[PDB]
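Order of the sequence lines sets the chain letters (A, B, ...), proteins ahead of strands, with each chain counted from 1. Whatever order the structure lists them in is the order used to number ligands and atoms, beginning at 1. Keep in mind that the numbers below use all heavy atoms, side chains included, and drop hydrogens, waters and symmetry copies.
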Amino acid sequence: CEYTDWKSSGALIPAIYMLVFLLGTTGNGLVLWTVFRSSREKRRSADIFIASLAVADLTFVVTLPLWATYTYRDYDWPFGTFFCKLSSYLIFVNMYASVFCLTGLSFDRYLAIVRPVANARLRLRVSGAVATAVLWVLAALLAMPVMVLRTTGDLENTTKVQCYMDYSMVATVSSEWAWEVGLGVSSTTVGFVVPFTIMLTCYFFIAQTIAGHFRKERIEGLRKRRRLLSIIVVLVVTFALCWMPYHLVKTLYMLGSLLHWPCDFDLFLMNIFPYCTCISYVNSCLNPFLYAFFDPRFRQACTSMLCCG
Amino acid sequence: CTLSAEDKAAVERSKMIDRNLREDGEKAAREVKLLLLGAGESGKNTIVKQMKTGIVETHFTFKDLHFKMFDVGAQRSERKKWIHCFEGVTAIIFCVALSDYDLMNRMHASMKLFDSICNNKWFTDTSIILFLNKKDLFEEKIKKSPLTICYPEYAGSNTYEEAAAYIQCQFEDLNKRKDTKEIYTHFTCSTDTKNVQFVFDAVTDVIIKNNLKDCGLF
Amino acid sequence: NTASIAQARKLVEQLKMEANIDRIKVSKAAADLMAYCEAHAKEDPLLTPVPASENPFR
Amino acid sequence: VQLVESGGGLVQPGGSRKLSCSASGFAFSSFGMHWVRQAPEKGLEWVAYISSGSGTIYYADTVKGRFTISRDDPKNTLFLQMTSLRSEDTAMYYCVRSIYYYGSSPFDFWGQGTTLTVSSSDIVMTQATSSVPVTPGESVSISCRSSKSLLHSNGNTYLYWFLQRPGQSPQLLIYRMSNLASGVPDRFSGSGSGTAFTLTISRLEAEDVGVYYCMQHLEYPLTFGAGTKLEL
Amino acid sequence: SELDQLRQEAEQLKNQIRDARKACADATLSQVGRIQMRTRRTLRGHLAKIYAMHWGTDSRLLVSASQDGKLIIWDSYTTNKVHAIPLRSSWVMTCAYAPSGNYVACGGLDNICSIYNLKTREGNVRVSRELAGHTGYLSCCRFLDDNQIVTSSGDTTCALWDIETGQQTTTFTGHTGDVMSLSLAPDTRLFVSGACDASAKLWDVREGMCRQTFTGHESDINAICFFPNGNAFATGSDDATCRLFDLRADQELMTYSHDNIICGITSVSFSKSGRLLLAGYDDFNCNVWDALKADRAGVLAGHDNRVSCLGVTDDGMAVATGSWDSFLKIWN
Ligand SMILES: CCC(CC)n1c(Cc2cccs2)nc2cc(C(=O)N[C@H](CC(=O)O)CC(C)C)ccc21
């Protein structure tokens, strides 16, 4: 049935990509600026993750104009092989580091809130810098197959250079399908399913703790109990809505390869996927407001620096 | 390089000093600091004895949480020149006797002290654990001496449950920053068993709430 | 009581001792204070900074 | 302040011994420790060093690989484990106390020593005079020269003077080139150029007759001059 | 009765003092370019607010005290810790380095001045004496020599202590408010003490007598330092003004203030020539004043909390500042 580019996607995807680039870099930029400019010894024990998350989100969107260009041109990649590999690797490492940073905040929050006098000696060993060092290394390695297999080439029926995962480098036999599937499944399991499960588990217990200790003085207790439970639901839901369609479409597309689905399913999944990608980028733009600027003292710190220098 | 054999050795000594300072700091970070304030001839001695001259320090351990209480009575000097030294205590324990109501009455003095601490700039985010002491004496006195002696507007029954609730409210409404601190109130006497569990639970709530701010949930 | 009378007397005796002071004129005192500062100005590194090679805190 | 050495006596070559050095009367864990050796007819030789906290260990290259230095702070004990002993290792072994900080005075306490009998680019210093005839009340000058300047960029000169009275372990007299050790009388003083040094005894007492040693403490290995004997 | 007769005599004497001083007012002091110091060394290690700092006499060592329960002896040139001394009482308000370098004084809300021996056979630092006897907090202590220390406290008195016997030998009374600070004359003969009476007193150390009373602050005096030649003092208070007093004229000589300073003064010190006056404030910084003109000469900025203490070395080479942000800094 061939491939149809809903056509209008050639304008919408590049435009969205440049928009998330501008919002993402501005938002993360202010967070890193505020985080590294204010007094260090007076800081809250959250800032290492806020900084790590802002770095992951900033890096995740900064190479995006290369893909906007590729998509604008009709899937015709200038720049060459060094950039398909560098850009794709950075997007993947940061896709993993951002999720792990969010997971790290949930875990740090769990240990700090749910049983604070029992877990004090655990946080000192696993929270903050230890967690930040590990998730960055873990993200760097998980994305490694992308730098290895992402290449450039030009198909006889296309005559345009396209960035893609080659696989033939590791599969010179029919087993190739297993590399396509094994990497997609591993990426989904580690990049979404496990982190999401952890974030949900941690927030569930945090939410029980918040409801349990905010039942007195039913003016202030209720305002805080409602504000806190409301943000917890938003943090969980926003994450899932933004990442779920990227992993769902990717998974369905792979299943249809082994399960011979109607061509209409494959074309619809291929045409929708670029939007799923645009949606995933939304967290890079919202995270600053969900985790850095949610806290009024951070908003005040950023505002005071902007009003002075 | 560039150091002499003796300077390298001096540096190694300095590094060991830093190691010990850090380890001692980590231990201190897990202790609960409580400031003990209250009216004269009140329950401060009752609370310390049940829980267990310059500043007096008392140590307690309960449910594996280690506590240190600092009694700043005796120090009859200007409070404004030193009270800031307690900025950072987890909580303030404040003692008022219920019986103060018919003894300027002692209860008026007790409310004035409470307000000076509660609304103090150095304690903006510090919670208060309030003990209303000698409830058994209060019941014996309230049945003869109504609260209208020190609280003329009171129009309830002259018995412990209504009068005691009234007194609690009179202290809890001295909190001018309900958005930053809570007042935990417990009614006690010379004989009790729950004052340590009460302080422990109030402290645990203070710790959780401080961690919500520290973690950015605020 | 008489304790307050004794305290009033202590104040009177202390003030009497302070009243009986041979005081220097300010013009002279101000001049001497200045003379100290000028005489030792060259000796003071926070006023007249030391060359880096002579600075222990370089 | 006391240090008591053990583990001496006769061992055959190729064998091994441990010296123990039990400490008391001081905050042992805060001090580094050194072993200093003296052959029966010779001067002093530095053997090994362990820092407080056991972070740093140095050995003379005459013993390195055969000797091991270790400490056990909870027992106030300093060990030296020697293997493959040679006749070259016959000596008195002294346990020596040393603490380093600005203004400290290292090597201010020596033990009495254990005698071990074994059957059959360094900075070096010269004590040109092996012996000086003296009388009580006389002014005595003891010289020492270094192959390298002992004056560092930090302004200090790393020269120590020690006195070994007959039948006794060495006593620290001076710890900075010109800075006199605690408990040592004003009779003793000293100075130098950074390569040439002098120990001065303004008036000699009979009790101060003995062998004076010059020690270098700028770099490891620590080294000593031969020693100058006063004869009274 | 006699009570009113004596109060009337006291008022008459107060006016005799006023007029004797007015009679000397034939001039004012008012009738350095810019000072730009930089941090050269940062001393890290305290885990709590620093309340006190004092330079030793070799201009290289410092002692500092904080609420983490320790004193630290620092090597100001290398930043190395030389000693760290556990305190029995964490509420330390003051400390002092003996001029001999042999001892360190320390105390606060325990109302005791403890004396620590830094030069022992054992290699550790031990308490040699606990100078108990004040009823209020110890606000300030300074050594005259190894056997004598001067203290001030919250019970409104100052005292001269005999360290070896642990006794007060002289008690200096007459302040009515808590006494906040001490400063010793260069020759040790006179003390000046500041208090919450918004006044300062000049004491004769050998007698217990108050020689002069200096008034003029609108609020509590938190800090006093002697002008280097011993004939003048600078004070700092909660009214956000520093004041220079003349000991021979028995008069205020000059004031140091600015429209934008509404914060208290926690510490004052002079440079060797006496030309610069430095003061620490609740604005988390230190202002450098031209002591003979009262112009601001410069600002030492860099603390994230109240500057609690200042000191200048004896050789005039450096200024140390300490604050509630748990750090010390050395400026030059
Ligand atoms: C590195 C470039 C970015 C896009 C800006 N990019 C990310 C990173 C991001 C994740 C979330 C936002 S960005 N992942 C990607 C996955 C694919 C891909 O595999 N396309 C399949 C090709 C085929 O198999 O025919 C077809 C779909 C239907 C599976 C393409 C680009 C991907």
Side-chain angles (χ1 to χ4, degrees), chain A residues 2-6 9 12-21 24 56-72 75 77 79 81 83-99 139 142-153 155 157-158 162-168 176-177 179-188 190-192 195 239-258 261 263-287:
Chain A
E2 268 130 358
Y3 173 77
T4 60
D5 174 40
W6 285 336
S9 294
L12 292 170
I13 297 296
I16 294 165
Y17 282 168
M18 290 307 298
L19 180 60
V20 300
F21 168 79
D57 286 344
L58 180 60
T59 301
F60 188 54
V61 301
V62 77
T63 66
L64 187 60
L66 295 175
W67 296 99
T69 298
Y70 174 58
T71 302
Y72 174 78
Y75 294 93
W77 183 260
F79 313 124
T81 56
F83 287 103
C84 287
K85 288 182 179 302
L86 180 61
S87 181
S88 296
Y89 179 74
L90 290 171
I91 291 168
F92 275 80
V93 171
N94 290 283
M95 165 183 162
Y96 296 127
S98 179
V99 173
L142 291 168
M144 195 65 72
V146 174
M147 181 163 270
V148 174
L149 299 176
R150 179 76 59 172
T151 190
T152 60
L155 301 175
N157 63 332
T158 300
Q162 305 181 23
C163 294
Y164 62 93
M165 296 291 284
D166 194 68
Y167 303 111
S168 77
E176 183 182 3
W177 70 268
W179 281 91
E180 182 176 356
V181 172
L183 270 60
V185 173
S186 180
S187 180
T188 300
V190 175
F192 184 74
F239 177 81
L241 291 172
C242 290
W243 282 108
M244 188 70 79
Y246 167 85
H247 289 288
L248 179 60
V249 171
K250 183 174 176 68
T251 299
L252 291 170
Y253 182 86
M254 290 188 287
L255 290 171
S257 182
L258 297 176
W261 287 0
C263 65
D264 290 344
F265 293 0
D266 263 348
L267 299 181
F268 169 78
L269 289 177
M270 195 125 192
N271 289 335
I272 197 65
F273 184 79
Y275 293 92
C276 293
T277 298
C278 290
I279 292 166
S280 299
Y281 273 121
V282 171
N283 282 337
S284 295
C285 301
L286 298 177
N287 283 340

Undergrad: Just to confirm my output: which protein heavy-atom neighbour is closest to atom 4 (C) of ligand 1, and how far is it?
TA: A/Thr277 CG2, 3.8 Å
Undergrad: Suppose we measure from atom 30 (C) of ligand 1 to each protein heavy atom; which comes out shortest, and what is that distance?
TA: A/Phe273 CE2, 3.9 Å
Undergrad: Tell me which part of A/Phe60 gets within contact of ligand 1: side chain, backbone, both or neither, using heavy atoms under 4.0 Å.
TA: side chain
Undergrad: Quick one: which ligand 1 atoms are inside 4.0 Å of a heavy atom on A/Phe92?
TA: 7 (C), 14 (N)
Undergrad: Among all protein heavy atoms, pick out the one at the shortest distance from atom 25 (O) of ligand 1; state its residue, atom name and that distance to 0.1 Å.
TA: A/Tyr253 OH, 3.3 Å
Undergrad: With rounding to the nearest 0.5 angstrom, report the CD1 to CG distance, A/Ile91 to A/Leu66.
TA: 8.0 Å
Undergrad: Going by a strict under-4.0 Å cutoff (protein heavy atoms only), does atom 6 (N) of ligand 1 have a neighbour on the protein?
TA: no
Undergrad: Okay, side chain of A/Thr69, backbone of A/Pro65: is any donor-acceptor separation there less than 3.5 Å?
TA: yes
Undergrad: In terms of residue, atom name and distance, what is the protein heavy atom nearest to atom 9 (C) of ligand 1?
TA: A/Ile91 CG2, 3.8 Å
Undergrad: Taking side-chain contact (heavy atoms from CB on, under 4.5 Å) as the criterion, tell me which of A/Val99, A/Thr59, A/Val61 meets it with A/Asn94.
TA: A/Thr59
Undergrad: Which ligand 1 atoms, with their elements, are less than 4.0 angstrom from a heavy-atom of A/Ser280?
TA: 11 (C), 12 (C)
Undergrad: Which residue supplies the protein heavy atom nearest to atom 19 (O) of ligand 1, what is that atom called, and how far is it?
TA: A/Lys250 NZ, 3.7 Å
Undergrad: Please write down residue, atom name and distance for the protein heavy atom closest to atom 22 (C) of ligand 1.
TA: A/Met270 CE, 4.4 Å
Undergrad: Is it the case that the side chain of A/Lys85 and the backbone of A/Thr151 share a donor-acceptor pair, with hydrogens and angles ignored and the cut-off at 3.5 Å?
TA: no
Undergrad: If I take atom OH from residue A/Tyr17 and atom CZ from residue A/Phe21, how far apart are they, to the nearest 0.5 angstrom?
TA: 14.5 Å
Undergrad: Around atom OH of A/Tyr72, are there more than 12 heavy atoms from other residues, nucleotides or ligands closer than 6.0 Å?
TA: no
Undergrad: For this output row, return yes or no: ring centroids of A/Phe273 and A/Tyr246 closer than 6.0 angstrom.
TA: yes
Undergrad: Answer yes or no for atom 17 (C) of ligand 1: protein heavy atom present at a distance under 4.0 Å?
TA: yes
Undergrad: Would you call A/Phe60 and A/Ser98 a side-chain contact if the rule is heavy atoms closer than 4.5 Å?
TA: no
Undergrad: In the protein, which heavy atom is nearest to atom 15 (C) of ligand 1, and how far is it?
TA: A/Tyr246 OH, 3.6 Å
Undergrad: For residues A/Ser87 and A/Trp67, is any side-chain donor paired with an opposing acceptor at under 3.5 Å?
TA: yes
Undergrad: Is the contact between A/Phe268 and ligand 1 made by the side chain, the backbone, both, or neither, using heavy atoms and a 4.0 Å cut-off?
TA: neither
